[PDB]
Amino acid sequence: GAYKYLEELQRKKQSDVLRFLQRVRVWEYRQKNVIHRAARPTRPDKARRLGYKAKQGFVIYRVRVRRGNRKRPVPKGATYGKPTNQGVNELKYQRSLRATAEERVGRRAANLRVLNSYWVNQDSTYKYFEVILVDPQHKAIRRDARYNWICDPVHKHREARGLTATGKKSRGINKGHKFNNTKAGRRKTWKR
Amino acid sequence: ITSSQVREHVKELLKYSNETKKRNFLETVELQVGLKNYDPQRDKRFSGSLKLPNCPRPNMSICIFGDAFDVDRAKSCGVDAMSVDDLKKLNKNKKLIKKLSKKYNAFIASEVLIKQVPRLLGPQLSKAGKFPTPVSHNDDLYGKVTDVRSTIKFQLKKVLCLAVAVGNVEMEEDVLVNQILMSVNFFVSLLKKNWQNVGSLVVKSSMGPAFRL
Amino acid sequence: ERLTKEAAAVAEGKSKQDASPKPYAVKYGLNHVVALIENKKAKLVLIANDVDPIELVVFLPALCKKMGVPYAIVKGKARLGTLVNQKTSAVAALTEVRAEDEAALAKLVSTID
Amino acid sequence: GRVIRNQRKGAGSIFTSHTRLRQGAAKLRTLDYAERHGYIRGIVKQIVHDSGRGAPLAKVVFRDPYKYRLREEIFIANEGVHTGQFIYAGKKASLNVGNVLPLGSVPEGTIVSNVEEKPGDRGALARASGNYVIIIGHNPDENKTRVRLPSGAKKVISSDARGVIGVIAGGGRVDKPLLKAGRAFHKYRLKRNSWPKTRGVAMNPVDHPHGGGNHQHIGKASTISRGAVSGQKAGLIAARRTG
RNA sequence: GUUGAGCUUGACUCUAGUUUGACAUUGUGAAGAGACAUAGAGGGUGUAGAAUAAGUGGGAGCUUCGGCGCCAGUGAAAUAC
RNA sequence: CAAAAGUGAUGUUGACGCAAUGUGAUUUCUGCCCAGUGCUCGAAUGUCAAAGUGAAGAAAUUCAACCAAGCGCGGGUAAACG
RNA sequence: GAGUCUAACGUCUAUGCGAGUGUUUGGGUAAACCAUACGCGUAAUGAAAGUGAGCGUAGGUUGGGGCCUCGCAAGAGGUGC
RNA sequence: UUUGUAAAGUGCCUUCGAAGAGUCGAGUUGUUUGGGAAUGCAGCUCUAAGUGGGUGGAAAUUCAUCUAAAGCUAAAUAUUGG
RNA sequence: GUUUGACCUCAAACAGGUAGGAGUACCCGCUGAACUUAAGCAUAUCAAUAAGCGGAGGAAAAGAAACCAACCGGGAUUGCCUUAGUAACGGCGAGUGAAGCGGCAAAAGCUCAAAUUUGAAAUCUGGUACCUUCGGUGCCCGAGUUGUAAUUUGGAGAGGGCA
Numbered sequence: 002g003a004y005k006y007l008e009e010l011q012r013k014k015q016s017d018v019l020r021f022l023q024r025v026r027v028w029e030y031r032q033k034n035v036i037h038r039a040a041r042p043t044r045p046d047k048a049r050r051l052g053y054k055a056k057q058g059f060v061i062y063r064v065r066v067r068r069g070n071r072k073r074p075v076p077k078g079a080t081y082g083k084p085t086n087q088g089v090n091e092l093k094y095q096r097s098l099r100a101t102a103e104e105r106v107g108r109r110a111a112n113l114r115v116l117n118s119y120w121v122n123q124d125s126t127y128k129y130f131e132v133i134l135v136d137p138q139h140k141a142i143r144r145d146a147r148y149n150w151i152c153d154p155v156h157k158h159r160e161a162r163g164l165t166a167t168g169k170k171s172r173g174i175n176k177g178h179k180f181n182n183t184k185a186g187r188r189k190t191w192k193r
Numbered sequence: 004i005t006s007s008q009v010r011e012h013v014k015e016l017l018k019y020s021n022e023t024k025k026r027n028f029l030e031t032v033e034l035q036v037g038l039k040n041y042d043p044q045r046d047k048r049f050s051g052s053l054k055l056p057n058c059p060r061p062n063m064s065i066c067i068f069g070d071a072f073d074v075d076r077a078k079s080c081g082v083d084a085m086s087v088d089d090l091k092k093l094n095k096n097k098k099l100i101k102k103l104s105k106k107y108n109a110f111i112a113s114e115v116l117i118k119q120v121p122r123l124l125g126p127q128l129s130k131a132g133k134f135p136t137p138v139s140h141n142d143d144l145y146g147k148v149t150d151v152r153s154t155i156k157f158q159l160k161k162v163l164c165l166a167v168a169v170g171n172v173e174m175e176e177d178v179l180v181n182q183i184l185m186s187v188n189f190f191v192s193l194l195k196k197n198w199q200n201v202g203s204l205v206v207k208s209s210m211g212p213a214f215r216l
Numbered sequence: 107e108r109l110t111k112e113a114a115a116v117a118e119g120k121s122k123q124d125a126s127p128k129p130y131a132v133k134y135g136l137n138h139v140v141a142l143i144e145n146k147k148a149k150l151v152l153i154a155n156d157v158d159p160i161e162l163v164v165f166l167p168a169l170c171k172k173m174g175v176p177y178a179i180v181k182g183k184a185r186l187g188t189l190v191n192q193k194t195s196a197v198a199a200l201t202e203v204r205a206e207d208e209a210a211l212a213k214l215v216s217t218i219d
Numbered sequence: 002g003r004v005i006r007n008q009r010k011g012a013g014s015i016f017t018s019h020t021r022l023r024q025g026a027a028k029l030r031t032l033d034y035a036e037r038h039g040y041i042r043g044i045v046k047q048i049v050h051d052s053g054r055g056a057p058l059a060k061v062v063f064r065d066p067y068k069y070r071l072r073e074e075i076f077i078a079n080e081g082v083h084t085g086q087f088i089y090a091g092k093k094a095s096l097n098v099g100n101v102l103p104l105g106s107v108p109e110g111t112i113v114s115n116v117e118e119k120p121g122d123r124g125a126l127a128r129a130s131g132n133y134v135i136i137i138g139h140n141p142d143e144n145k146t147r148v149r150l151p152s153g154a155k156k157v158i159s160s161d162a163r164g165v166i167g168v169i170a171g172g173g174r175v176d177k178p179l180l181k182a183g184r185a186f187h188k189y190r191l192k193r194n195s196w197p198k199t200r201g202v203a204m205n206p207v208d209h210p211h212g213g214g215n216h217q218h219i220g221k222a223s224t225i226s227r228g229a230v231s232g233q234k235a236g237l238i239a240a241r242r243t244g
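Chains as they are written, first to last, in the authors' numbering: chain BL, 2 to 193; chain BA, 4 to 216; chain BG, 107 to 219; chain BB, 2 to 244.
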């Protein structure tokens, strides 16, 4: 909208601003580690649409992911056998690398709970997602209906089961044709 | 080769006496090809005896060859005719059979006599390469004047080109477009890659310089 | 920063901050700056440099120049909001209604722009 | 087949030994850049053997607390380091046998021991006994220098290295041979590796692929190339010339 | 036994490994050497024949400074434009 | 040479050595071979992955299909096999 | 303690009731009685240019007749579903 | 009590509104037996619009139908240590 | 030199409350196999589960449309009876195998924006200063009303105020 200084850039990352800016902000992350804080967000436009009516307790952390695919050991000794798994970077799985970034900050800072994330580009080292985390004590947020549920105890580890947008894709949620079988949980229909 | 200046390279060329150097006679317009990337081999070699729909045009000095009622029909048109003995009579010397390749352009040979031609009259008609049309003994020779205009040679032989006439100053520019495009069509689409092989063509009048398209 | 396109001088940069009790009305905040613009309710826009993140302030040299007020860059935020007289340390501001300073305010705007 | 003996090299029980017992084998410490009359330079103290080398070494004092307690400064043994003569160092140093100093400061054709060769390593080449390298890459070798290392081959060096001028102390392994094999086994406990050896042809093709045949001989091949696996790659590794 | 394990060859199926090439992550000037598009531009022989002969077909160059397959002739192949 | 990768042995040894393989102190000596196969070496020269022909009107639209290495060939060599 | 309380198919015993009958969850007069969703042996066949067959009902051969198109109603081709 | 505060119904006057991008999916793979193969779904890497985009197992084309990429929610039901 | 301040990055000790563990079954998620069958046979298949680890609760766990029918019509999730071995896949070999429609049971619906760019009287919040004992006082981060509107573009559909 009016914020075509964030939005124009966030949707079209190909633009003259962010291919320069995320080069020096991925450089910033080559210094930093598993988790590291971010100020007010890099993309505060999508951040507010997820849920970032602020206050302290409403924080945002940039987190790394892994390399390889679904890695398993290398074939030492034999190589053949029944070759059900031959490669070191073999299968993928259901969950997106959003979830990977979200639970690395999620179990380190156990108090701060996972809301949802977005991508802030990458380099050749890892992909980087900015995870918005909420706080379950923080009020005004509890006086808001939009963030009441997330503070109360059932909505701890929303990523681990399937409440967060990424963990929805661990069960079966997108509205379409074959949503009939994969309606609820994946183990309810039992992998069909 | 384009379909763009197909009228224009006929039109302006044949219009002035600045580009083409107009002589005494009615300059007889042809179209030769320009077949680059063609190998004189098995495949790319075109030959035949086709004809263009408005007639390629040439006549000039016509010779007839026949016996009996073919000779009567010939000189009733006004064209002189050779018989069997007269066919031998050019062949028995140097000059007259090579001069048959020169200025004698259109030819008629009657039914039984066509199969006599390429034994005597043949090695002299290599370049230039004139040959009679299929005319029987029952055919009318006055109605076959337009057939010797129509039926032209097609031979690639040694070279790459296949020269055929399109018309002359007796035709207009409009008619000559529907002769030029007809020539190229025969060669082009039978051998793939097509128009990148067919290079830069110009319509020669007689005395008509380059005007390639 | 990569923010600053055309710049002003430091000595006149201070004089732009205290452009609140010398005109009449002032709005404060960088939302209320970009808000300012169409009907020309903003006259002088007070662009601070020091605003975190830098994504907020890159609106101001661009947006406010398209629809078009003659802006000018103040020296910093720490004595921007304090010189307006608000609560907090204001990230930007704009001069709305003029008091006596119109002729003086003309050489706050058009020095840089 | 089973696990080949050459694969059991990276880890193992035979690949453990005393590490911290070793007082300091022969690197080189900080020793003064300057020689503005010198700062960090002094005399030789004791003569002590570190395990690993199989040769005597020494202790040295400089300007800093070094007789006993501070455990680091071990000095390269040349004949005959002992109490009451000074060492000198620095860049444009005084060229003597028993002084540690640059390769740049020494002319062509000087013999040197305990010399670096990569960009800084403290001490690499010729630390034990008998050994020395030969610096002959100055003068028409203009910018980048070159130690011609003792076989025949290469090594490009930038500025690079310090080292002691001389041939090192000892000389009684090639100069004097041993007597028996249990006295040779004193090598393979200060170094971690299997010892001795049994023949490749005598071992089964199971345990090592050089076996095979009732009448014993070499099963696969003796010459195996450089790009090959673990059990695959044995014998003479790329026999460039035979004989 | 349409047996099991240890264990084998350049059979054949296939893989960790091994080896060569390409693309993204990842910026900036000179000098020297090519290709395409082509404004423009050319490298040749068998004898006789006025004379220095690869083509192709229409069919006809003897002069406002200046020919040799019109005619007429040589030849294996013979104009011009 | 180990490890999924981080990280190390080999190694604070260094060719006067480290290691795989062949081997055995002593003492006199060692003639001859390039077919076949491996390892190594070398450049005169040959092959392998990115077209375009066809459907809109009582018979007159559009877009997806060749270039490098080992090899061939040439050169070095038998404490690698013969 | 060594052919068996699952449970599918096909002859057959017994049988309320049959050219229409007989259900079930459940209601509920409670092992009763009422309801009747809906089933019941089930489609030929043409390498690529349809039809939907009465529980399911086709094949072989032939006559009459209705409809459409091209072309000179000369005649050719399906309609024989 | 009309609760000096929050919503709906009733009645009157006056005048005119929107969008969520690493997702849509993509060179290629894949959680799916990729087979012409929807969807569920995003490894390595990049990447799209709101009279515009999407579901309905090939495409041109037409008709009916829905409007994500933030989030929450009762029961019919499953089961035991006492 | 030297005088005066805001946000990113981003601490340690005193002092009210609050808590550890022992346990079974039920579910969701994740690293994630196999004995086996086609009498055998590497890719059908034992299977997304065991075993191990993680996550949520007293029920777990799901869900209110980027749906179906097919121009006649209807409108969440969940359980049961019809359905379905039909429609498909697999040496078409073991095997695996839906959807739609009618009936029965119990059936109510909601949180987020003109995005967002966000700041003050007051409301009002996370952290934290002085007072120095949860009572009184103060600042920044900030949420919408509000002080007060745009940006990038468009329509004739339809909304909002006031009582």
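For each residue, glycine too, the CB sits at the ideal point set by N, CA and C.
Could you check whether the Cβ of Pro-167(BG) sits closer than 8 angstroms to any Cβ belonging to chain BL? On the third sequence, residue 167(BG) is found 61 positions in, with the first residue counted as 1. Not closer than 8 angstroms to any Cβ of chain BL, the Cβ of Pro-167(BG) fails to qualify, so no.
When the Cα atoms are used, what is the spatial distance from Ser-6(BA) to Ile-111(BA)? By one-based count along the second sequence, residue 6(BA) stands at place 3. By one-based count along the second sequence, residue 111(BA) stands at place 108. Cα-Cα distance, rounded: 35 angstroms.
Run of the alpha helix (DSSP H) containing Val-230(BB), from where it starts to where it stops: By one-based count along the fourth sequence, residue 230(BB) stands at place 229. That residue, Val-230(BB), is in no alpha helix (DSSP H); it is neither H nor E in DSSP.
Answer with yes or no whether the minimum CB distance from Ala-48(BL) to chain BG is below 8 angstroms. Sequence index remark: in the first sequence, residue 48(BL) carries index 47 (1-based). For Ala-48(BL), the answer is no, since every Cβ of chain BG falls outside 8 angstroms of its Cβ.
With a threshold of 8 angstroms on Cβ separation, who are the neighbours of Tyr-34(BB) within its own chain once the five nearest residues in sequence on each side are excluded? Start at 1 with the first residue of the fourth sequence, and residue 34(BB) comes out as number 33. These residues qualify, in order along the chain: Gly-91 and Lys-92.
Helix, strand or coil, according to DSSP, for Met-185(BA) in the structure here? Residue mapping note: residue 185(BA) aligns to position 182 of the second sequence, counting from 1. Here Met-185(BA) sits in helix by DSSP.
For chain BG, find out if any of its Cβ atoms is closer than 8 angstroms to the Cβ of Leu-7(BL); answer yes or no. Start at 1 with the first residue of the first sequence, and residue 7(BL) comes out as number 6. Interface residue, yes.
I'd like the span of the beta strand (DSSP E) that includes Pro-103(BB), first residue to last. In the fourth sequence, residue 103(BB) corresponds to position 102, counting from 1. 101 to 103 is the span of the beta strand (DSSP E), which, as asked, contains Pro-103(BB).
Taking only beta carbons into account, state which residues of the segment 137 to 161 of chain BG come closer than 8 angstroms to chain BL, listed in chain order. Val-140, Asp-158, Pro-159 and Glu-161
Just the Cα atoms here: how many angstroms apart are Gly-119(BG) and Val-18(BL)? Along the third sequence, read from residue 1 onward, the residue named residue 119(BG) stands at position 13. Along the first sequence, read from residue 1 onward, the residue named residue 18(BL) stands at position 17. Computed Cα separation, rounded: 28 angstroms.
Which residues in chain BG have a C-beta closer than 9 angstroms to the C-beta of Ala-40(BL)? List them in chain order. For the purposes of this step, residue 40(BL) is taken as residue 39 along the first sequence, with counting starting at 1. By Cβ distance, chain BG contributes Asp-158 and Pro-159.
Are the beta-carbon atoms belonging to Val-164(BG) and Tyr-6(BL) less than 8 angstroms from one another? For the purposes of this step, residue 164(BG) is taken as the residue at position 58 of the third sequence. For the purposes of this step, residue 6(BL) is taken as the residue at position 5 of the first sequence. Taking a C-beta distance under 8 angstroms as the contact criterion, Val-164(BG) and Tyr-6(BL) qualify as a contact pair.
Less than 8 angstroms between the beta carbons of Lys-47(BA) and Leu-194(BA), yes or no? Taking the second sequence and counting its residues from 1, the one referred to as residue 47(BA) is at position 44. Taking the second sequence and counting its residues from 1, the one referred to as residue 194(BA) is at position 191. Yes.
Taking only beta-carbon atoms, is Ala-3(BL) less than 8 angstroms away from chain BG? The count along the first sequence starts at 1 and reaches residue 3(BL) at position 2. So, interface residue.
I believe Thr-224(BB) touches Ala-240(BB) by the beta-carbon criterion, under 8 angstroms. Please report the beta-carbon distance rounded to the nearest angstrom. Within the fourth sequence, the letter at position 223 stands for residue 224(BB). Within the fourth sequence, the letter at position 239 stands for residue 240(BB). Indeed, because the Cβ distance is near 4 angstroms, the residues count as touching under 8 angstroms.
Kindly give me the distance between the Cβ atoms of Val-82(BA) and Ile-67(BA), rounded to whole angstroms, as I take these residues to be in contact under 8 angstroms. As a first step, residue 82(BA) is located in the second sequence; it is residue number 79 there, counting from the start. As a first step, residue 67(BA) is located in the second sequence; it is residue number 64 there, counting from the start. 5 angstroms between Cβ atoms; contact.
In the DSSP assignment, find the unbroken alpha helix (DSSP H) run with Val-106(BL) in it and report its ends. In the first sequence, residue 106(BL) corresponds to position 105, counting from 1. It spans 98 to 107 - the alpha helix (DSSP H) in which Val-106(BL) sits, taken as one unbroken run.
Only counting the same chain, and skipping five residues up and downstream in sequence, which positions put a Cβ closer than 7 angstroms to that of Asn-117(BL)? As a position in the first sequence, residue 117(BL) is number 116, starting the count at 1. Result list for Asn-117(BL): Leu-51, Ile-133, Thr-165 and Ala-166, in chain order.
At the 8 angstroms Cβ level, is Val-164(BG) part of the contact set with chain BL, yes or no? Taking the third sequence and counting its residues from 1, the one referred to as residue 164(BG) is at position 58. Output row for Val-164(BG): interface = yes.
Find the nearest neighbour of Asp-70(BA) within the set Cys-58(BA), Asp-89(BA), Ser-52(BA) and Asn-62(BA), judged by alpha-carbon distance. As a working note, residue 70(BA) is residue 67 in the second sequence. Ranked by how close their Cα comes to the Cα of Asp-70(BA), the residues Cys-58(BA), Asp-89(BA), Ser-52(BA) and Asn-62(BA) have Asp-89(BA) in first place.
Euclidean distance between Cα positions of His-19(BB) and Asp-176(BB): Numbered from 1 along the fourth sequence, position 18 holds the residue referred to as residue 19(BB). Numbered from 1 along the fourth sequence, position 175 holds the residue referred to as residue 176(BB). In this model, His-19(BB) and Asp-176(BB) are separated by some 29 angstroms (Cα to Cα).
Check whether the Cβ atoms of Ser-114(BB) and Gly-167(BB) lie closer than 8 angstroms to each other. Residue mapping note: residue 114(BB) aligns to position 113 of the fourth sequence, counting from 1. Residue mapping note: residue 167(BB) aligns to position 166 of the fourth sequence, counting from 1. Their beta carbons are under 8 angstroms apart, which means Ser-114(BB) touches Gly-167(BB) by this criterion.
Comparing alpha-carbon positions, which option in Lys-128(BL), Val-35(BL), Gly-69(BL) and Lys-189(BL) lies nearest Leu-92(BL)? Reading the first sequence from its first residue, position 91 is the one you call residue 92(BL). The shortest Cα separation from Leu-92(BL) among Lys-128(BL), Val-35(BL), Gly-69(BL) and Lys-189(BL) belongs to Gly-69(BL).
Alpha carbon of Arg-38(BL) to alpha carbon of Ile-61(BL), nearest angstrom: Along the first sequence, one-based indexing puts residue 38(BL) at 37. Along the first sequence, one-based indexing puts residue 61(BL) at 60. Answer to the nearest angstrom: the Cα atoms are 6 angstroms apart.
In its own chain, which residues sit with a C-beta less than 6 angstroms from the C-beta of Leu-34(BA), not counting the 5 before and 5 after it? Here residue 34(BA) is taken as the residue at index 31 of the second sequence, counted from 1. So the list reads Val-169, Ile-183, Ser-186 and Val-206, once near-sequence residues are dropped.
So, is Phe-180(BL) buried or exposed, given that buried needs 16 or more other C-beta atoms within 10 angstroms? For the purposes of this step, residue 180(BL) is identified with residue 179 of the first sequence, where counting begins at 1. It counts as exposed.
I need the straight-line Cα distance from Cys-152(BL) to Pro-167(BG), nearest angstrom please. One-based indexing of the first sequence puts residue 152(BL) at position 151. One-based indexing of the third sequence puts residue 167(BG) at position 61. Using only the alpha carbons, I get a separation of about 40 angstroms.
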